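Chemist: What follows is upload.cif, made up of mmCIF, C-alpha atoms and all ligand atoms:
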```cif
data_query
#
loop_
_atom_site.label_atom_id
_atom_site.label_comp_id
_atom_site.auth_asym_id
_atom_site.auth_seq_id
_atom_site.Cartn_x
_atom_site.Cartn_y
_atom_site.Cartn_z
CA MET A 1 89.45 98.86 67.64
CA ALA A 2 87.10 95.97 66.77
CA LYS A 3 86.44 97.53 63.31
CA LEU A 4 89.33 98.03 60.93
CA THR A 5 90.91 101.47 60.86
CA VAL A 6 92.79 103.36 58.24
CA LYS A 7 96.01 102.19 59.94
CA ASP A 8 95.03 98.55 59.25
CA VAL A 9 95.11 98.81 55.46
CA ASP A 10 97.85 99.39 52.86
CA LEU A 11 97.29 102.68 51.05
CA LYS A 12 100.42 103.27 48.94
CA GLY A 13 99.58 103.85 45.30
CA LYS A 14 95.86 103.31 45.91
CA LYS A 15 92.81 105.43 45.36
CA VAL A 16 91.31 105.87 48.84
CA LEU A 17 87.67 106.92 49.17
CA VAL A 18 87.07 109.05 52.30
CA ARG A 19 83.87 110.36 53.84
CA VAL A 20 84.92 113.52 55.65
CA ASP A 21 82.92 116.13 57.54
CA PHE A 22 83.17 119.36 55.58
CA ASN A 23 79.65 120.52 56.48
CA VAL A 24 80.79 123.95 57.59
CA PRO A 25 78.73 127.12 58.02
CA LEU A 26 78.75 129.43 55.04
CA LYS A 27 77.48 132.94 54.47
CA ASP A 28 77.58 134.27 50.92
CA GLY A 29 80.02 131.62 49.72
CA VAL A 30 82.32 132.20 52.72
CA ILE A 31 83.34 129.80 55.46
CA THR A 32 82.46 131.27 58.86
CA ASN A 33 83.86 128.38 60.90
CA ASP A 34 86.53 125.96 59.67
CA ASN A 35 86.55 123.75 62.77
CA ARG A 36 85.25 120.66 60.94
CA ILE A 37 87.85 121.09 58.21
CA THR A 38 90.62 121.29 60.82
CA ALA A 39 89.23 118.23 62.58
CA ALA A 40 89.31 116.29 59.29
CA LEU A 41 92.99 116.89 58.66
CA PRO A 42 94.70 114.06 60.59
CA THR A 43 93.12 111.32 58.51
CA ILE A 44 93.64 113.19 55.25
CA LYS A 45 97.27 113.95 56.05
CA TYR A 46 97.90 110.35 57.05
CA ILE A 47 96.55 109.05 53.74
CA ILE A 48 98.76 111.53 51.83
CA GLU A 49 101.77 110.56 53.84
CA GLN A 50 101.19 106.89 53.12
CA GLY A 51 101.17 107.57 49.38
CA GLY A 52 97.45 107.11 48.95
CA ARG A 53 95.34 109.11 46.50
CA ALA A 54 92.62 110.74 48.57
CA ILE A 55 89.16 111.07 47.04
CA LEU A 56 87.03 113.05 49.49
CA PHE A 57 83.25 113.12 49.90
CA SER A 58 81.15 115.45 52.06
CA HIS A 59 77.72 116.92 52.30
CA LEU A 60 77.08 120.56 53.05
CA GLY A 61 73.68 121.74 54.23
CA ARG A 62 70.51 120.32 52.67
CA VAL A 63 69.56 120.40 49.01
CA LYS A 64 66.00 119.66 47.94
CA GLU A 65 65.75 121.36 44.54
CA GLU A 66 68.06 122.67 41.82
CA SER A 67 67.98 126.24 43.17
CA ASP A 68 69.36 125.02 46.50
CA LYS A 69 72.67 124.02 44.93
CA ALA A 70 73.61 127.68 44.76
CA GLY A 71 75.56 128.68 47.81
CA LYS A 72 76.22 125.11 48.84
CA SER A 73 79.09 124.23 46.49
CA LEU A 74 82.18 122.81 48.24
CA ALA A 75 84.36 125.03 46.03
CA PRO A 76 85.35 127.32 48.94
CA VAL A 77 86.05 124.27 51.11
CA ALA A 78 88.40 122.79 48.52
CA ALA A 79 90.28 126.11 48.55
CA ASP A 80 90.40 126.22 52.32
CA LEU A 81 91.63 122.64 52.57
CA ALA A 82 94.38 123.29 50.00
CA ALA A 83 95.60 126.23 52.04
CA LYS A 84 95.65 124.11 55.20
CA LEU A 85 97.45 121.22 53.45
CA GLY A 86 99.91 123.33 51.49
CA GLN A 87 99.01 121.56 48.27
CA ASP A 88 96.37 121.55 45.56
CA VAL A 89 92.94 120.00 46.11
CA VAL A 90 91.46 119.02 42.73
CA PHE A 91 87.86 120.11 42.36
CA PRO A 92 86.03 119.15 39.15
CA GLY A 93 82.74 120.54 40.50
CA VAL A 94 80.73 117.38 39.78
CA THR A 95 79.42 114.40 41.81
CA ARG A 96 79.62 111.94 38.92
CA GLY A 97 80.82 111.48 35.39
CA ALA A 98 83.61 110.78 32.95
CA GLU A 99 85.42 114.03 33.77
CA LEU A 100 85.43 113.15 37.43
CA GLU A 101 86.74 109.70 36.67
CA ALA A 102 89.47 111.15 34.42
CA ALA A 103 90.47 113.59 37.16
CA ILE A 104 90.69 110.74 39.70
CA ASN A 105 92.80 108.59 37.36
CA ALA A 106 95.31 111.46 37.07
CA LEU A 107 95.94 111.76 40.79
CA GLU A 108 99.50 110.86 41.70
CA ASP A 109 100.49 109.33 45.05
CA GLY A 110 99.89 111.89 47.82
CA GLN A 111 97.33 113.99 45.96
CA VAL A 112 93.84 114.97 46.95
CA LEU A 113 90.52 115.45 45.07
CA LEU A 114 87.22 116.69 46.50
CA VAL A 115 83.93 115.50 44.99
CA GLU A 116 81.13 118.07 44.88
CA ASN A 117 78.51 118.25 47.65
CA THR A 118 77.06 114.75 47.98
CA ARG A 119 73.60 116.22 48.58
CA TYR A 120 73.57 117.60 45.08
CA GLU A 121 72.42 114.03 44.35
CA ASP A 122 69.33 114.63 46.47
CA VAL A 123 67.68 116.92 43.91
CA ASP A 124 66.45 114.04 41.75
CA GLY A 125 65.01 111.51 44.15
CA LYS A 126 67.00 111.96 47.36
CA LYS A 127 69.67 109.56 46.10
CA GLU A 128 72.30 110.44 48.75
CA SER A 129 70.05 110.85 51.79
CA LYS A 130 67.96 107.81 50.91
CA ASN A 131 70.98 105.69 49.90
CA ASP A 132 70.07 104.93 46.30
CA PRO A 133 71.75 101.58 45.52
CA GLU A 134 73.13 102.72 42.16
CA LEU A 135 74.79 105.85 43.59
CA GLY A 136 76.66 103.96 46.31
CA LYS A 137 77.77 101.38 43.76
CA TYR A 138 78.94 104.18 41.44
CA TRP A 139 80.93 106.11 44.06
CA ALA A 140 82.54 102.86 45.27
CA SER A 141 83.57 102.07 41.70
CA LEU A 142 85.76 105.16 41.70
CA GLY A 143 88.19 103.57 44.14
CA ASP A 144 90.46 100.60 44.71
CA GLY A 145 88.40 98.73 47.34
CA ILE A 146 89.11 100.90 50.35
CA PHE A 147 86.68 103.31 52.00
CA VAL A 148 87.54 105.37 55.08
CA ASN A 149 84.63 106.79 57.11
CA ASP A 150 85.72 109.80 59.11
CA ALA A 151 82.31 111.49 59.55
CA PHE A 152 80.75 110.33 62.77
CA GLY A 153 78.11 113.04 62.40
CA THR A 154 76.23 111.08 59.72
CA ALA A 155 77.06 107.61 61.01
CA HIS A 156 73.55 107.26 62.42
CA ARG A 157 72.02 107.56 58.95
CA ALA A 158 72.20 105.31 55.91
CA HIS A 159 73.37 107.46 52.99
CA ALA A 160 75.04 106.66 49.71
CA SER A 161 78.20 108.41 50.84
CA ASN A 162 78.69 106.20 53.94
CA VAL A 163 76.74 102.94 53.92
CA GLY A 164 76.33 102.89 50.13
CA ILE A 165 80.04 103.03 49.43
CA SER A 166 80.79 100.71 52.35
CA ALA A 167 78.44 98.05 50.88
CA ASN A 168 80.40 98.06 47.64
CA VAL A 169 84.04 97.94 48.69
CA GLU A 170 86.15 95.15 50.16
CA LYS A 171 87.32 97.16 53.17
CA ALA A 172 85.38 99.89 54.93
CA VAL A 173 87.36 101.31 57.82
CA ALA A 174 87.34 104.03 60.46
CA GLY A 175 89.31 107.27 60.20
CA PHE A 176 91.09 108.81 63.21
CA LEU A 177 88.25 111.07 64.30
CA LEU A 178 85.50 108.48 64.00
CA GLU A 179 87.79 106.05 65.80
CA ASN A 180 87.96 108.40 68.76
CA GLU A 181 84.21 109.03 68.71
CA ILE A 182 83.64 105.27 68.90
CA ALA A 183 86.23 104.85 71.62
CA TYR A 184 84.74 107.52 73.89
CA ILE A 185 81.03 107.38 73.08
CA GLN A 186 80.63 103.63 72.61
CA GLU A 187 83.42 101.66 74.20
CA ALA A 188 83.97 103.92 77.22
CA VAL A 189 80.28 103.53 78.02
CA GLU A 190 79.93 99.81 77.30
CA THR A 191 83.08 98.91 79.16
CA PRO A 192 83.70 101.80 81.55
CA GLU A 193 86.42 102.31 84.10
CA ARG A 194 84.30 102.59 87.23
CA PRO A 195 82.88 104.52 88.91
CA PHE A 196 80.96 105.63 85.80
CA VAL A 197 78.83 108.71 86.48
CA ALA A 198 76.55 109.98 83.74
CA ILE A 199 75.17 113.51 83.94
CA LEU A 200 72.11 114.46 81.89
CA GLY A 201 70.62 117.94 81.73
CA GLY A 202 69.23 120.37 79.20
CA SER A 203 65.67 121.42 78.56
CA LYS A 204 63.60 118.24 78.26
CA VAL A 205 63.23 114.56 79.16
CA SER A 206 61.65 113.60 75.84
CA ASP A 207 64.81 113.81 73.75
CA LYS A 208 66.81 111.90 76.37
CA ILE A 209 64.57 108.99 77.39
CA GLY A 210 66.62 106.47 75.41
CA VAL A 211 69.91 107.71 76.82
CA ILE A 212 68.65 107.73 80.37
CA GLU A 213 67.43 104.13 79.98
CA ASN A 214 70.72 102.93 78.56
CA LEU A 215 72.93 104.82 80.99
CA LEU A 216 70.88 103.57 83.95
CA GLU A 217 72.04 100.11 82.98
CA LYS A 218 75.63 101.00 82.09
CA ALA A 219 76.46 103.68 84.69
CA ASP A 220 76.83 103.49 88.45
CA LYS A 221 74.98 106.76 88.95
CA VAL A 222 73.03 109.12 86.72
CA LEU A 223 72.78 112.73 87.85
CA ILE A 224 69.90 114.76 86.46
CA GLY A 225 69.76 118.53 86.01
CA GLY A 226 68.32 121.27 83.83
CA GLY A 227 64.71 121.59 82.81
CA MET A 228 64.39 117.81 82.78
CA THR A 229 64.40 118.02 86.59
CA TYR A 230 60.87 119.40 86.76
CA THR A 231 59.24 116.62 84.82
CA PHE A 232 60.73 114.17 87.32
CA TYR A 233 59.54 116.38 90.20
CA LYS A 234 56.02 116.67 88.85
CA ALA A 235 55.85 112.88 88.40
CA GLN A 236 56.43 112.63 92.17
CA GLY A 237 53.84 115.20 93.15
CA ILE A 238 56.41 117.93 93.81
CA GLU A 239 55.31 121.49 93.08
CA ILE A 240 57.27 122.99 90.19
CA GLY A 241 55.62 126.41 89.79
CA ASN A 242 55.99 127.66 86.20
CA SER A 243 58.95 125.45 85.35
CA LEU A 244 59.44 123.74 81.99
CA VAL A 245 57.63 120.41 82.12
CA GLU A 246 56.44 117.79 79.68
CA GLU A 247 53.09 116.63 81.00
CA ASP A 248 53.03 113.92 78.28
CA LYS A 249 56.13 112.32 79.79
CA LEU A 250 55.13 112.15 83.44
CA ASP A 251 54.43 108.41 83.27
CA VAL A 252 57.77 107.59 81.63
CA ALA A 253 59.53 109.76 84.17
CA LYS A 254 57.75 107.93 87.00
CA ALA A 255 58.74 104.58 85.50
CA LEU A 256 62.43 105.52 85.12
CA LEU A 257 62.52 106.52 88.80
CA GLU A 258 60.92 103.26 89.85
CA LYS A 259 63.38 101.17 87.85
CA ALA A 260 66.45 103.23 88.75
CA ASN A 261 66.92 101.44 92.09
CA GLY A 262 68.63 104.47 93.64
CA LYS A 263 70.93 105.17 90.68
CA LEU A 264 69.01 108.23 89.47
CA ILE A 265 70.05 111.28 91.44
CA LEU A 266 67.84 114.37 91.20
CA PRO A 267 68.64 117.91 92.34
CA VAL A 268 67.57 118.67 95.89
CA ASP A 269 67.16 122.42 95.28
CA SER A 270 66.90 125.09 92.56
CA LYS A 271 67.79 128.68 91.90
CA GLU A 272 64.36 130.08 91.00
CA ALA A 273 63.02 133.34 89.62
CA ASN A 274 59.66 135.00 89.27
CA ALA A 275 59.91 135.25 85.48
CA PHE A 276 61.99 133.67 82.75
CA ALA A 277 63.09 137.11 81.64
CA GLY A 278 62.46 140.42 83.29
CA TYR A 279 62.47 138.73 86.68
CA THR A 280 62.64 140.95 89.78
CA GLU A 281 63.39 138.26 92.33
CA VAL A 282 65.86 135.41 92.16
CA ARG A 283 66.48 133.09 95.11
CA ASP A 284 67.37 129.57 96.17
CA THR A 285 64.63 127.12 97.08
CA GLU A 286 64.72 125.63 100.54
CA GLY A 287 64.38 122.19 99.00
CA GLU A 288 62.99 120.40 95.96
CA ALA A 289 59.75 122.34 95.63
CA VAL A 290 59.61 125.40 93.40
CA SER A 291 57.51 128.34 94.63
CA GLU A 292 54.23 129.23 93.03
CA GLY A 293 54.72 132.14 90.65
CA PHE A 294 58.37 131.13 90.15
CA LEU A 295 60.26 128.73 87.96
CA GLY A 296 63.49 126.79 88.43
CA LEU A 297 66.32 128.03 86.17
CA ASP A 298 69.36 126.31 87.64
CA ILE A 299 70.22 123.62 90.12
CA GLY A 300 70.78 125.12 93.53
CA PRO A 301 73.84 125.13 95.79
CA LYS A 302 72.86 122.05 97.82
CA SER A 303 72.52 120.16 94.51
CA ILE A 304 75.91 121.34 93.26
CA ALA A 305 77.41 120.10 96.51
CA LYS A 306 75.60 116.78 96.29
CA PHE A 307 76.66 116.19 92.69
CA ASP A 308 80.24 117.16 93.53
CA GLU A 309 80.25 114.49 96.23
CA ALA A 310 78.68 111.95 93.86
CA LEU A 311 81.52 112.58 91.43
CA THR A 312 84.28 111.95 93.96
CA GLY A 313 86.63 109.35 92.57
CA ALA A 314 84.81 108.89 89.26
CA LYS A 315 86.88 107.28 86.51
CA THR A 316 84.38 107.78 83.70
CA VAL A 317 81.93 110.65 83.20
CA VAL A 318 79.61 111.29 80.27
CA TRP A 319 77.86 114.64 80.26
CA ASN A 320 75.09 115.94 78.04
CA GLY A 321 73.03 118.96 78.95
CA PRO A 322 73.45 122.17 80.94
CA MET A 323 72.28 122.17 84.56
CA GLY A 324 70.48 125.49 84.11
CA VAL A 325 69.74 128.32 81.67
CA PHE A 326 73.40 128.77 80.85
CA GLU A 327 72.77 131.51 78.29
CA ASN A 328 72.10 133.75 81.31
CA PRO A 329 74.93 134.64 83.78
CA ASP A 330 72.57 134.37 86.76
CA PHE A 331 72.01 130.68 85.96
CA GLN A 332 75.50 129.45 85.12
CA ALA A 333 76.58 128.31 88.57
CA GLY A 334 75.10 124.82 88.39
CA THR A 335 76.75 124.05 85.10
CA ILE A 336 80.07 125.55 86.08
CA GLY A 337 79.98 123.76 89.43
CA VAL A 338 79.38 120.38 87.75
CA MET A 339 82.10 120.98 85.10
CA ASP A 340 84.68 121.80 87.75
CA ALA A 341 83.63 118.79 89.82
CA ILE A 342 84.05 116.53 86.79
CA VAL A 343 87.43 117.67 85.56
CA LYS A 344 89.10 117.64 88.95
CA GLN A 345 88.65 113.89 89.39
CA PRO A 346 92.02 112.15 89.09
CA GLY A 347 92.53 110.03 86.01
CA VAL A 348 88.93 110.69 84.95
CA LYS A 349 87.86 110.05 81.39
CA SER A 350 85.43 112.92 80.87
CA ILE A 351 83.30 113.09 77.82
CA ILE A 352 80.93 115.79 76.61
CA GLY A 353 78.19 114.91 74.19
CA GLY A 354 75.85 117.87 73.74
CA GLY A 355 75.99 121.08 71.73
CA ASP A 356 75.24 123.71 74.37
CA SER A 357 77.27 121.64 76.83
CA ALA A 358 80.41 121.80 74.66
CA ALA A 359 79.80 125.48 73.97
CA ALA A 360 79.53 126.22 77.68
CA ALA A 361 82.73 124.35 78.48
CA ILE A 362 84.57 126.24 75.76
CA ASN A 363 83.07 129.63 76.62
CA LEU A 364 83.78 129.33 80.32
CA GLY A 365 87.34 128.07 80.11
CA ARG A 366 86.88 124.41 81.12
CA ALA A 367 86.89 122.61 77.76
CA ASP A 368 90.60 121.95 77.65
CA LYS A 369 90.33 119.94 80.90
CA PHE A 370 87.89 117.38 79.41
CA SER A 371 89.13 114.20 77.69
CA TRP A 372 86.78 114.28 74.77
CA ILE A 373 84.25 116.70 73.34
CA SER A 374 81.97 115.03 70.86
CA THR A 375 80.63 116.85 67.79
CA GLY A 376 78.47 114.03 66.46
CA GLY A 377 75.08 115.48 67.48
CA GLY A 378 72.33 113.01 66.52
CA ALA A 379 74.91 110.30 66.04
CA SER A 380 76.26 110.92 69.54
CA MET A 381 72.80 110.64 71.05
CA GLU A 382 71.90 107.47 69.18
CA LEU A 383 75.19 105.83 70.15
CA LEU A 384 74.62 106.81 73.82
CA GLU A 385 71.23 105.13 73.51
CA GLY A 386 73.11 101.93 72.77
CA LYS A 387 71.87 101.61 69.19
CA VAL A 388 73.80 99.98 66.40
CA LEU A 389 74.35 102.75 63.90
CA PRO A 390 74.19 101.85 60.19
CA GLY A 391 77.40 103.67 59.36
CA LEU A 392 79.23 101.63 61.99
CA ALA A 393 77.50 98.36 61.19
CA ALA A 394 78.70 98.88 57.65
CA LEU A 395 82.37 98.97 58.66
CA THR A 396 84.54 95.91 58.22
CA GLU A 397 85.26 93.79 61.32
CA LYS A 398 88.94 93.47 62.31
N1 LIG A 401 65.82 124.82 84.33
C1 LIG A 401 65.73 125.07 83.02
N2 LIG A 401 64.59 125.60 82.54
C2 LIG A 401 64.50 125.86 81.23
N3 LIG A 401 65.40 125.63 80.27
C3 LIG A 401 66.52 125.12 80.76
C4 LIG A 401 66.77 124.80 82.12
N4 LIG A 401 68.03 124.26 82.25
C5 LIG A 401 68.53 124.25 81.03
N5 LIG A 401 67.66 124.75 80.10
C6 LIG A 401 67.90 124.94 78.65
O1 LIG A 401 68.40 123.76 78.07
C7 LIG A 401 68.89 124.14 76.77
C8 LIG A 401 69.99 123.20 76.40
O2 LIG A 401 69.46 121.88 76.47
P1 LIG A 401 69.96 120.79 75.46
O3 LIG A 401 69.76 121.33 74.05
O4 LIG A 401 69.20 119.55 75.76
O5 LIG A 401 71.53 120.70 75.82
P2 LIG A 401 72.67 120.31 74.78
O6 LIG A 401 74.01 120.47 75.55
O7 LIG A 401 72.55 121.23 73.60
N6 LIG A 401 72.38 118.70 74.36
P3 LIG A 401 72.01 118.29 72.75
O8 LIG A 401 70.96 119.24 72.22
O9 LIG A 401 71.55 116.77 72.85
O10 LIG A 401 73.33 118.43 71.89
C9 LIG A 401 69.30 125.61 76.89
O11 LIG A 401 68.58 126.44 75.99
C10 LIG A 401 68.99 125.96 78.36
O12 LIG A 401 68.50 127.29 78.57
MG MG A 402 91.72 98.18 64.43
MG MG A 403 64.46 118.02 100.13
MG MG A 404 70.91 121.32 72.34
MG MG A 405 81.58 86.93 64.79
#
```
Written as structure tokens, that's how I'd like the structure from this file.
Ligand SMILES: Nc1ncnc2c1ncn2[C@@H]1O[C@H](COP(=O)(O)OP(=O)(O)NP(=O)(O)O)[C@@H](O)[C@H]1O
Ligand SMILES: [Mg+2]
Ligand SMILES: [Mg+2]
Ligand SMILES: [Mg+2]
Ligand SMILES: [Mg+2]
Modeler:
Amino acid sequence: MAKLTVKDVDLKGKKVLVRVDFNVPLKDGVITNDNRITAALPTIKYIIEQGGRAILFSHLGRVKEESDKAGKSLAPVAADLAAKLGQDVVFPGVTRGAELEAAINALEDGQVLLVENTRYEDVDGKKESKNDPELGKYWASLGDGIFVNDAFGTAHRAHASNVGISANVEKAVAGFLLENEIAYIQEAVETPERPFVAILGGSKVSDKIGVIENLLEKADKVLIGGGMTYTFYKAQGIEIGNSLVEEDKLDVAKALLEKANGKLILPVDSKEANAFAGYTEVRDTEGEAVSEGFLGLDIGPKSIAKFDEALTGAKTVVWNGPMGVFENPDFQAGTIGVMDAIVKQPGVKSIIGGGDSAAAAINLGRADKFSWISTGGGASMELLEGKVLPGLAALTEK
């Protein structure tokens, strides 16, 4: 990597500040999904093994007033982590103070402490989420000049717990998970093994305009599916019946088509129905046009075939957005057809970067065939737009 990583610094005997992603779902003080804790382990375990003293920071949920702190303590997360590590995780229950400092000083090589929910500092003046200078300086002062960022999911935002600490230590470096997110979502896009085929779907053009623009420059082809299809169709004068469209984005859609120079590949048919729910007729369109009284709810079979051919021999694929209304079994074919066409390509580096897209891959038994499934959400989108994220800018150059 071009930034330093946790492997590039000497950790033995040192306090090591780590931003981890422990923002797990809770219900009544109970963790309902530990995936993010599991995903955090490799970096944590590495620091322990190297003889570092791990001081962990995370947010959980959002905290606007004092009453919001209830339910959002990391106490259950500290317990969960300790069980996964097979050792104690010290948990003073505070975000700052002399007791916290005393607890940190007492850590021996290989031990772990978890600071309370960083967004507890948001109650008085949004200090974490608005990156109060004094808070970042304070949290940095708890360490020995090393900060490891392993939370790609907030890398697109400037908070005290990422950029604040980074600004106040000598070495701010990437953890193992963030390193992989950068490798797949930034470097594999900027410097792709070609052919690079991007696939963008989902409900709407408006949340993907920046990514389409960037990937039109970086990719060899960009395949479009999902509801976003019908905004592109309407911009061309194609009838779309009752399909999901953003009339306020017709001009931008028209402009992306004009600039695409043949790189933007639309569906050539749809599976349509005469209602979104409670439909009594479902059928394939003959071609692009959707029937009056109907709406398009998946790409059609000619489109699946065309996209499969477009994917032949791809070496890099980035995918965000289902090709149809995947929640419904009648409209899963387009998405399944594209997933299978992606993962069969020899040597392909296949990368998923959307929430419903990852869920679909996992649910339908294809996820294990992809190279990387991103969980960075807004960060993933902003990085696919080609933006310089503050949490990454803040990292030390190798
Ligand atoms: N033809 C369609 N008409 C209406 N909705 C559609 C259509 N195709 C897909 N969708 C919806 O698109 C939604 C998912 O879109 P989107 O949220 O953009 O995907 P994602 O994988 O979650 N990407 P992101 O939100 O950036 O992480 C689902 O609710 C689908 O039902
Ligand atoms: Mg490096
Ligand atoms: Mg046609
Ligand atoms: Mg989504
Ligand atoms: Mg330089």
Chemist: All residues within 9 Å of ligand MG 402 (chain A) are required, counting only C-alpha atoms and all ligand atoms; please report them as a PyMOL selection string.
Modeler: chain A and resi 1-8+173-174+179+397-398
Chemist: Excluding segment 327-337 of chain A and residues on its chain fewer than 2 positions from it, collect all residues at most 8 Å away from it, counting all atoms listed in the file, and give them as an MDAnalysis selection string.
Modeler: chainID A and resid 271 297:301 304 308 322:325 339:341 364
Chemist: For segment 282-284 of chain A, find every residue with an atom within 6 Å (counting only C-alpha atoms), except residues of its own chain fewer than 4 positions away, and show them as a PyMOL selection string.
Modeler: chain A and resi 270-273
Chemist: Give me the residues of segment 324-372 of chain A that have any atom at most 10 Å from an atom of segment 194-203 of chain A; for each, the nearest atom pair and the distance in Å, rounded to one decimal. Use only C-alpha atoms, sort by chain and number, and format it as a tab-separated table.
Modeler:
```
residue	atom	partner	partner_atom	distance
A:324	CA	A:202	CA	7.2
A:325	CA	A:202	CA	8.3
A:326	CA	A:202	CA	9.5
A:335	CA	A:201	CA	9.3
A:338	CA	A:199	CA	8.9
A:342	CA	A:197	CA	9.4
A:348	CA	A:196	CA	9.5
A:349	CA	A:196	CA	9.3
A:350	CA	A:197	CA	9.6
A:351	CA	A:198	CA	9.5
A:352	CA	A:199	CA	9.6
A:353	CA	A:200	CA	9.8
A:354	CA	A:202	CA	8.9
A:356	CA	A:202	CA	8.4
A:357	CA	A:202	CA	8.5
```
Chemist: Using all atoms listed in the file, pick whichever of A:66, A:227, A:385, A:158 has the shortest atom-to-atom distance to residue 123 of chain A.
Modeler: A:66
Chemist: From the options A:367, A:204, A:184, A:97, which residue's atoms come nearest to ligand MG 404 (chain A), counting all atoms listed in the file?
Modeler: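 Selected residue with least distance to ligand MG 404 (chain A): A:204.
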Chemist: What separation in Å, quoted to one decimal, exists between atom CA of residue 136 of chain A and atom CA of residue 390 of chain A?
Modeler: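 So the answer is 14.3 Å.
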Chemist: Considering only C-alpha atoms, state which residue in the set A:33, A:43, A:67, A:23 is at the smallest distance from residue 176 of chain A.
Modeler: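 Residue with the minimum atom-to-atom distance to residue 176 of chain A: A:43.
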Chemist: Give the answer as one residue: which of A:149, A:316, A:374, A:285 has the shortest atom-to-atom distance to ligand MG 403 (chain A), using all atoms listed in the file?
Modeler: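 The closest residue to ligand MG 403 (chain A) is A:285.
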Chemist: Please determine, counting all atoms listed in the file, which residue among A:148, A:396, A:275, A:95 has the shortest atom-to-atom distance to ligand MG 405 (chain A).
Modeler: A:396
Chemist: Nearest to ligand LIG 401 (chain A): which of A:378, A:226, A:267, A:133 is it, counting all atoms listed in the file?
Modeler: A:226
Chemist: To one decimal in Å, tell me the separation between atom CA of residue 218 of chain A and atom CA of residue 172 of chain A.
Modeler: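 Interatomic distance here is 28.9 Å.
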Chemist: If you count all atoms listed in the file, which residues fall within 12 Å of residue 14 of chain A, apart from same-chain ones fewer than 6 positions away, as a list in words?
Modeler: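 Near neighbours after the sequence-gap exclusion: residues 47, 48, 50, 51, 52, 53, 54, 55, 104, 105, 107, 108, 109, 110, 111, 112, 142, 143, 144, 145, 146 and 147 of chain A.
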Chemist: Using all atoms listed in the file, what does the table of chain A residues within 10 Å of ligand MG 403 (chain A) look like, with each row giving the shortest atom pair and its distance in Å to one decimal, sorted by chain and ascending number, as CSV?
Modeler:
```
residue,atom,partner,partner_atom,distance
A:267,CA,A:MG403,MG,8.8
A:268,CA,A:MG403,MG,5.3
A:269,CA,A:MG403,MG,7.1
A:285,CA,A:MG403,MG,9.6
A:286,CA,A:MG403,MG,7.6
A:287,CA,A:MG403,MG,4.3
A:288,CA,A:MG403,MG,5.0
A:289,CA,A:MG403,MG,7.8
A:302,CA,A:MG403,MG,9.6
```
Chemist: Excluding same-chain residues fewer than 2 positions from residue 81 of chain A, what lies within 10 Å of it counting all atoms listed in the file, as a list in words?
Modeler: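 The filter keeps residues 22, 34, 37, 38, 40, 41, 76, 77, 78, 79, 83, 84, 85, 86, 87, 88, 89, 112 and 114 of chain A.
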Chemist: Can you tell me, as JSON, the centre and edge lengths (Å, one decimal) of the axis-aligned box enclosing all of ligand LIG 401 (chain A)'s listed atoms after padding each side by 8 Å?
Modeler:
```
{"center_x": 69.3, "center_y": 122.0, "center_z": 78.1, "size_x": 25.5, "size_y": 26.5, "size_z": 28.4}
```
Chemist: Quick one: distance from atom CA of residue 115 of chain A to atom CA of residue 46 of chain A in Å, one decimal?
Modeler: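 Between atom CA of residue 115 of chain A and atom CA of residue 46 of chain A the gap works out to 19.2 Å.
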Chemist: Can you list, as number ranges by chain, every protein, DNA or RNA residue that comes within 12 Å of residue 162 of chain A when you count all atoms listed in the file, leaving out same-chain residues fewer than 5 positions away?
Modeler: A: 17-21, 56-59, 118, 128-133, 135-137, 139-140, 147-157, 167-169, 172-174, 389-395
Chemist: Any chance you could model N, CA and C atoms for segment 165-173 of chain A and send them as an mmCIF file, in the frame of the given file?
Modeler:
```
data_model
loop_
_atom_site.group_PDB
_atom_site.id
_atom_site.type_symbol
_atom_site.label_atom_id
_atom_site.label_comp_id
_atom_site.auth_asym_id
_atom_site.auth_seq_id
_atom_site.Cartn_x
_atom_site.Cartn_y
_atom_site.Cartn_z
ATOM 1 N N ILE A 165 78.686 103.356 49.842
ATOM 2 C CA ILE A 165 80.040 103.030 49.430
ATOM 3 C C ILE A 165 80.539 101.810 50.202
ATOM 4 N N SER A 166 80.315 101.789 51.511
ATOM 5 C CA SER A 166 80.790 100.710 52.350
ATOM 6 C C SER A 166 80.310 99.358 51.837
ATOM 7 N N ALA A 167 79.056 99.292 51.362
ATOM 8 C CA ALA A 167 78.440 98.050 50.880
ATOM 9 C C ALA A 167 79.091 97.531 49.604
ATOM 10 N N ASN A 168 79.911 98.361 48.970
ATOM 11 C CA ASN A 168 80.400 98.060 47.640
ATOM 12 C C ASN A 168 81.901 98.064 47.512
ATOM 13 N N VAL A 169 82.590 98.096 48.649
ATOM 14 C CA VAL A 169 84.040 97.940 48.690
ATOM 15 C C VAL A 169 84.434 96.761 49.581
ATOM 16 N N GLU A 170 85.650 96.269 49.400
ATOM 17 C CA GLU A 170 86.150 95.150 50.160
ATOM 18 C C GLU A 170 86.416 95.535 51.614
ATOM 19 N N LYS A 171 86.904 96.744 51.831
ATOM 20 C CA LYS A 171 87.320 97.160 53.170
ATOM 21 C C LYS A 171 86.785 98.528 53.487
ATOM 22 N N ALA A 172 85.901 98.603 54.470
ATOM 23 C CA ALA A 172 85.380 99.890 54.930
ATOM 24 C C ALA A 172 85.876 100.093 56.327
ATOM 25 N N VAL A 173 86.626 101.171 56.569
ATOM 26 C CA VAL A 173 87.360 101.310 57.820
ATOM 27 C C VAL A 173 87.187 102.693 58.434
#
```
